[PDB]
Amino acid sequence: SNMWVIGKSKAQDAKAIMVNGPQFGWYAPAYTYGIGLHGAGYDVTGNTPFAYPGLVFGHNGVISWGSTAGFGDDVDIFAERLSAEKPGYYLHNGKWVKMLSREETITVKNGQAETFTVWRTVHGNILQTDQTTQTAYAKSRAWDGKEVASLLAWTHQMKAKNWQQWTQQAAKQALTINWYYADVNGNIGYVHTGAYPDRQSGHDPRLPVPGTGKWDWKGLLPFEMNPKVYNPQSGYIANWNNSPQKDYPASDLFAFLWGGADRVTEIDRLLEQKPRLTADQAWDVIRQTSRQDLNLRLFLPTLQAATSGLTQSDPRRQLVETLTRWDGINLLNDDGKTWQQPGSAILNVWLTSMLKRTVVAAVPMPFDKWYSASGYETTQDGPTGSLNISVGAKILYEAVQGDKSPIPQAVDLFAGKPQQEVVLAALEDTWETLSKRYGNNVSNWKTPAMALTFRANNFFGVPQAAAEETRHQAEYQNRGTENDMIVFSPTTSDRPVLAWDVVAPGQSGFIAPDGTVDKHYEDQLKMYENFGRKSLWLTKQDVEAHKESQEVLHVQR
C-alpha cells in the first residue's frame, strides 16, 4: 500500500494534496464501498473496505485521512509448560492453572458434522502443542481486548477538525496501521498507530518465550512512543509499507524486512525531482510507480562494474547494455500481451541464479526454499497483491554493498569468490536460459507481460461472486486496489476542497434473479485501467446537482 502527502511548501496551486493507494489485491465486486454520511455530527465522503462503519479513506471538508499497513511486531508466542498428568492445566507463576475451553460443532452441507475444542490460556489461544516436550504454544496479541474500540476509533476520527482532535482518536486505534492527515490550511501529518508490548529486558521479539511467568509483558507502551511527525522539514510524507523511523523494529515474519533496498525510494525520487508539484503531477506518480521495475536501480551498478572489462561481442555484456539503456518503466506492446523491453525477464532469471548461488547455498534444507524467490513469481492471472523486492534480494543487496552495509556478514555469501565472478556466472546462466527460448537477437525479444485479475473469491479463498464474474485487465499495475486524491485550497476553484477516487468494478454488486445486472456494476472498470478518476462530492448543493435518484424512509426505533 502506498501514500504520498504534499504540504504547503511543496505544493503548487494548493496548500495540501494527499494521494493514497491501499493494496489488498483486486476483487469483484470491489474491495471497498463508496458512501457519504451527513448528520449526527458527521459530514463525510469517501470509500472504505467491506463498508465498515468508519471510512478508512476520505474527508470531511476540513481534514483528510488515509492508511497503509504498519507491520510493527505486536504479536509474540508463549511456550506453555504442560503436564502429562493434570491435562488442561499449565504452569503459571508457581501454580497449575486451568485452561479456558469451548466446544465447537462445524455443520457441513452434504456431510457429517465435526466437533473439536479450542483452548486458551492467559496468554491467548493455543496454536499448537508439542506432546513430546509437553509444550503448548499460545499466540499473544497486544491488541487483544481492543478490537471493538479500534473500529470505533476509525469512526470517531471522521469528526475531527484538527491535529489535536485527530490524534486523540489515533491513540485508541490498536492495530498496527499507519495513519495520515492533511488539512485545509496546508498542515500534514503521520502517526504509526497501534498497541505494542512493554517487553522484559532480554526478550528477543523474533523467537518464542517461556509462558511460566517471568517473560510476561509488563504492559503496553504509551502513545508518546509511537512514531509520528507533523509538518516535516521536507514538505512531504511518503510510505510504501517501509519503516516509519530509524531503529524501529519490524514484524517478526521471516519473509519481511526493512533494509537498504526498499521500494519507497521510487516514490522519494519522483517527489524530490521537482521543487513543487501540482495535483495533476501528484496523481501522475501513480502511473510511474505502477510501471517501475523495482530491482533495476538496486543491481544495475553491480552488473555494470562486472562487465566493464568485457568485449562488445560477449553476450553477458550485451545483456547489461540493454539494461543500461532502459529507464525501467514497463510498457505493453500493441499486442496487449508482451513488454516492449526485456529488462524484467533478464533481472528475474539473473536474480534467481544469484540467490541459488548465494543465500540459498548458506541455508540448510528445507529453509533454503524461503530465500529463493526472485519477486517476479506469478501465474497467468497475475500477482495477487503488490510487487515488492523479495527477502533473498534484500539480503543479497546488503552482501553486494560490502562494508558499506551496516549488517555484519557472519557468513560470506560469495564463499571466497570475487563478487564479479559470481555475477558473471549468473549472467551466463541468464544468457543460456533466455537465448534458448528467444534466440540471439535481443532486440526482437518479446517477453510476457503480467496481467491483472479482479477475482470472484475473496482474500480468504471463499467465493463472493460466481466464477464468471471474474474480470481481467491486460496491464498489471503495481498500485492501490482503489486510488483517491484530496486537494485542499485549490487556487483554481472557489471550493475549499476537491477530492476524487475510483472504485472498480463499480459501486454495486447487484444482479437480479433474471440475470439483469445493476447499472453501476461495472461503470468504473475502464476508468481504473486508464488512470482516470471520478469526483467525490461533499456539499448538499454538489450532491443535489449530481443526483440521479432519491429514496426517503420513515422509521422509528
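When you see a residue number, it is the position in the sequence shown, counting from 1.
Visitor: If you take the mean CA temperature factor per stretch, which one wins between 526-534 and 45-53?
Guide: Mean B over CA atoms: larger for 526-534.
Visitor: Averaged over C-alpha atoms, is the B-factor higher for 405-413 or for 116-124 in this PDB entry?
Guide: The deposited B-factors put 405-413 ahead on the C-alpha mean.
Visitor: Highest Cα B-factor in the deposition, which of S201, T453, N241, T338?
Guide: Of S201, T453, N241, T338, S201 has the highest C-alpha B-factor.
Visitor: Among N295, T265, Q380, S150, single out the one with the highest C-alpha B factor in the record, please.
Guide: Highest C-alpha B-factor among the listed options: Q380.
Visitor: Among the modelled residues of this chain, does the Cα B factor of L207 put it in the lowest, middle or highest third?
Guide: Its C-alpha B-factor, which the entry lists for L207, ranks in the middle third among residues of this chain.
Visitor: Pull the Cα B-factor of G506 out of the PDB entry and bin it into the chain's lowest, middle or highest third.
Guide: Middle third of the chain for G506's C-alpha B-factor.
Visitor: Ranked by Cα temperature factor within the chain, is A30 in the lowest third, the middle third or the highest third?
Guide: Ranked within chain, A30 CA B lands in the lowest tercile.
Visitor: Would the CA B-factor of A16 place it in the lowest, middle or highest third of its chain?
Guide: Its C-alpha B-factor, which the entry lists for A16, ranks in the middle third among residues of this chain.
Visitor: Which third, lowest, middle or highest, does the CA B-factor of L498 fall in along this chain?
Guide: Ranked within chain, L498 CA B lands in the middle tercile.
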